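Spelled out, the chains give:
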Amino acid sequence: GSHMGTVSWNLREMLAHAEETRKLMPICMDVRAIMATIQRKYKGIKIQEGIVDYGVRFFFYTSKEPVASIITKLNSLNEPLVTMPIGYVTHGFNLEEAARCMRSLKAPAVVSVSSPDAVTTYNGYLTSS
């Protein structure tokens with residue numbers, strides 16, 4: 001596994017993949033349901049805002065940041081990623097706006113969705129004809 005592009009994975013598969021690939025994984029802190037999951041496994045890490053290299057190369061972020069700025073902070077690093085879309089539900093965004101806003105990323109990343117049929121939809125927007 002080396003390519004990018006959208007998939008339909010869960011938190012488990014993202015975490016697993018991120019471990020194996022050593023690739024970066026961003027996490028919206030706001031989603032305390034994800035925080036608990038990660039904090040259970042990775043407990044010796046105190047959650048901090050920003051890069052937390054501990055086991056998996058995490059990037060915890062605040063949903064109040066503009067999708068734009070938060071993307072730019074990944075773009076600076078230029079590191080390859082795996083996550084679900086950065087301005088989606090985690091910004092109150094629709095999947096279309098999410099893709100549009102997330103095209104402003106300049107680092108090569110895996111995206112996710114909640115189901116396999118949504119993959120082709122979201123990728124559709126990442127072409128934008």
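Residues numbered from 1 in each chain as written, not as in the entry; some residues may be left out. Heavy atoms only, no water.

Structure determination for this entry, per the PDB record, employed solution NMR.

With the PDB entry as reference, the protein is termed Replicase polyprotein 1ab, source organism SARS coronavirus. Per the PDB header, the entry is named "NMR structure of the domain 527-651 of the SARS-CoV nonstructural protein nsp3, single conformer closest to the mean coordinates of an ensemble of twenty energy minimized conformers".

Novice: How would you explain the overall build of the protein if you had to name every residue and give the values?
Specialist: Each helix and strand in the protein was counted, giving five helices and five strands. Along the protein, from the amino end to the carboxyl end, the secondary structure elements read α-β-α-β-β-α-β-α-β-α. Here the C-alpha radius of gyration of the protein, 14 Å, is about what a compact globule of 129 residues would show, namely 14 Å. The C-alpha extent of the protein, read off along each of the three principal axes, is 45 × 30 × 25 Å. Within the protein, the proportion of its 129 residues that are buried is 40%. Relative to all contacts within the protein whose residues are 6 or more apart in sequence, the contacts with residues 24 or more apart total 63%. Summing over all exposed atoms, the protein offers an accessible surface of approximately 7500 Å²; the carbon and sulfur share of this is 50%. Of the side chains in the protein, 14 bear a positive and 11 a negative charge, and the two mean positions are spaced by 5 Å. (Helix = DSSP H or I, 4+ residues; strand = E, 2+ residues; numbered from the N terminus. Rg over C-alpha atoms; globule rule 2.2 N^0.38 Å. Buried < 20%, exposed > 50% of the residue type's maximum accessible area, 1.4 Å probe, protein only. Contact = heavy atoms within 4.5 Å. Areas by Shrake-Rupley, 256 points an atom, 1.4 Å probe, with all protein chains shown as cover. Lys, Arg positive; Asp, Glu negative; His and termini not counted. Charge placed at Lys NZ, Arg CZ, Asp CG, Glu CD.)

Novice: Describe the packing of aromatic side chains, with residues and values.
Specialist: Within the structure shown, the criterion is met by three aromatic pairs. Note on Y42 and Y54: the rings are 6.5 Å apart at their centroids and 75 degrees apart in plane angle, and the pair reads as edge-to-face. Residue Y42 is located in the loop between helix 2 (32-41) and strand 2 (50-54), and its partner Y54 is located in strand 2; the two are separated by twelve residues in the primary sequence. Residue class for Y42 comes out buried when judged on its relative accessible area of 6%. (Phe/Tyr/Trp six-rings, centres within 6.5 Å; stacked < 30°, edge-to-face > 60°.)

Novice: Help me get a handle on the pattern of salt bridges, residues and values and all.
Specialist: Using the criterion set out here, one finds five salt bridges in the structure. When the shortest N-O distance is used, the salt bridge between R57 and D53 registers 3.6 Å. A relative accessible area of 31% means that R57 is categorised as partly exposed. Given the relative accessible area of 54%, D53 is considered exposed. (Salt bridge = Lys/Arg side-chain N within 4 Å of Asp/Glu carboxyl O.)

Novice: How would you summarise the packing of helix 1 (residues 11-21) against helix 2 if you had to cite specific residues and measurements?
Specialist: Where helix 1 contacts helix 2, the two axes come as close as 12 Å, and the packing angle between them is 45 degrees. As the angle between them shows, helix 1 and helix 2 are arranged oblique. As helix 1 packs across helix 2, the resulting crossing turns out to be right-handed. Residues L11, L15 and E19 of helix 1 lie in contact with helix 2, whose contacting residues are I34, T37, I38 and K41. (Axes fitted to C-alpha atoms, helices over the stretch in contact; angles between N-to-C directions. Parallel < 35°, antiparallel > 145°, perpendicular 65-115°, else oblique. Left-handed = near helix turned anticlockwise from the far one by under 90°.)

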